[PDB]
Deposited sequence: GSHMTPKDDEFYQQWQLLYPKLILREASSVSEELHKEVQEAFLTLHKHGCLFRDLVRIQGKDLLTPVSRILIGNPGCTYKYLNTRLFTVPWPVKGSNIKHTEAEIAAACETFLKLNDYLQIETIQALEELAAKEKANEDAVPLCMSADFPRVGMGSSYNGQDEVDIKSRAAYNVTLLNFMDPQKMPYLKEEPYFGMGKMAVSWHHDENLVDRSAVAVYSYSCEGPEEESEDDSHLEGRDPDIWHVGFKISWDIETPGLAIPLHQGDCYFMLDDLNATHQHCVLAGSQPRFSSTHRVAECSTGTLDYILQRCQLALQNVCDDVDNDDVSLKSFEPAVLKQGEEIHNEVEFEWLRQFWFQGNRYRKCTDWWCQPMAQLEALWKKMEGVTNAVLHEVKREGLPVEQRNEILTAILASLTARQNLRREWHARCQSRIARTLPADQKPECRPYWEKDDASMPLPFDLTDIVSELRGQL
């Protein structure tokens, strides 16, 4: 197993024949105006401490990420990677001061890279509607990254091609719009040179075709066009210096915007008599499908939104308070839904209800309350791991003790979920 750099004579033809949807636009092709601003914006965001390592999860194991990142993008948009939902620090489009300046820079960078990507995708088609090109370049977020490699005690070796040290292992960028492009601005402060940063590429499934290691110098950009991200894997090979990147994506956010999740809560609350907001929650229907939907939405807001947000110790507050009202509002909507689950439970215990209507209700809601119990343990335990204790550390929220009648239901549902089974 081997790899090719610009030192190898075969590099230039292997690029053209086995990695042609990869494009490089070097520092020289980007205006000096933009370089200074974009690099000052990285240094700005680093100074204020806006970039954090994430307490991610992979195959059961709780792991801290080598690199430090922040997500910037459209207001209300999220990007999920490695079971962790990141929330946009918003950039200004259609309606704390140094930080708003940096976000606007990365919007300016976003606009530039978009025109470069559309252009590059035109040229790819000429070789091989025009709305498809537009939507596959319509970047809604950028994930900024940072790693000082001298503050890692030992870096993993690249295992298939001898590319040396890896900052990020071989992967695909998850959760992107199908065939969408990715644009990356890179900024560093025998085989491949160990002191220089490279992006590595290989074909999926394949360690026989030699991989490419693309040297990245101060302000070089690369572009993964079309189905590249799916057919190929990439890695980041570490240099000796620290290095930033801004990686612009079209995040598949069909169930990942503030608007989308508010609307889902609005949908669950259609089954609640809504004259007044108090603890007397009563429901319009107990038709199985309506109750199932309500309980599924309760989980969605709790686990995809509330617990994902508060697991990040309010690292967002530091740079922006955009998500503060939204998340208070989502919690209150979730709290009402606790009221709903309580009201459904009340109804199944009613002397008066035919067992036949009771059993049809349980089959509607049990998978949802099952899944609420398991994920509550997973999230609670994940907030309590020895690694998490070491610290703005991860808050388990919402959480409440049994001796607390502000909440209609208990956090531990084992009593409750177990009782509903023995019947059915």
>> Lining up the deposited sequence with the coordinates, I want the ranges that have no C-alpha atoms.
In response: 96-101, 135-161, 223-235, 438-440
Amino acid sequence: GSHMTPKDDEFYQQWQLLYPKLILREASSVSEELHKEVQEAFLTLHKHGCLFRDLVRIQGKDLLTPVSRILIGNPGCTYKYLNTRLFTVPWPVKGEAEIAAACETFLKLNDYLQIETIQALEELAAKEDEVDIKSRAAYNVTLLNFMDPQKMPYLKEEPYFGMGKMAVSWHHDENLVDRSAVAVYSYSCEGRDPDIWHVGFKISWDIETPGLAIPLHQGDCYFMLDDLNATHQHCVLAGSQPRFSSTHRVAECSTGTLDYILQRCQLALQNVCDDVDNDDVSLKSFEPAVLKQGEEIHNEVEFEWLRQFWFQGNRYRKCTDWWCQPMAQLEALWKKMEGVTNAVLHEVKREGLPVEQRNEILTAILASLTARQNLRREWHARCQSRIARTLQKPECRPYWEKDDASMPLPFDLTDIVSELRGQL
From here on, numbers count along this sequence of modelled residues.
>> Mean Cα B factor from the PDB record: higher for 353-361, or higher for 35-43?
In response: 353-361
> Do the CA atoms of 286-294 or those of 146-154 have the higher mean B-factor in the entry?
Replying inline: 146-154
> Which is it among 280, 302, 226, 208: the one with the largest CA B-factor in the entry?
Replying inline: 280
> Whose C-alpha has the highest temperature factor in the PDB entry: 266, 84, 320, 329?
Replying inline: 320
> Thinking about Cα B factors across the chain, which third does residue 342 belong to?
Replying inline: middle
>> Using the temperature factors of the C-alpha atoms in this entry, rank residue 405 within its chain: lowest, middle or highest third.
In response: highest
> Taking the C-alpha B-factors as the PDB entry records them, is residue 174 in the lowest, middle or highest third of its chain?
Replying inline: lowest
> For residue 22, does the deposited CA B-factor place it in the lowest, middle or highest third of the chain?
Replying inline: lowest
> Looking at the C-alpha B-factor of residue 311, is it in the lowest, middle or highest third of its chain?
Replying inline: middle
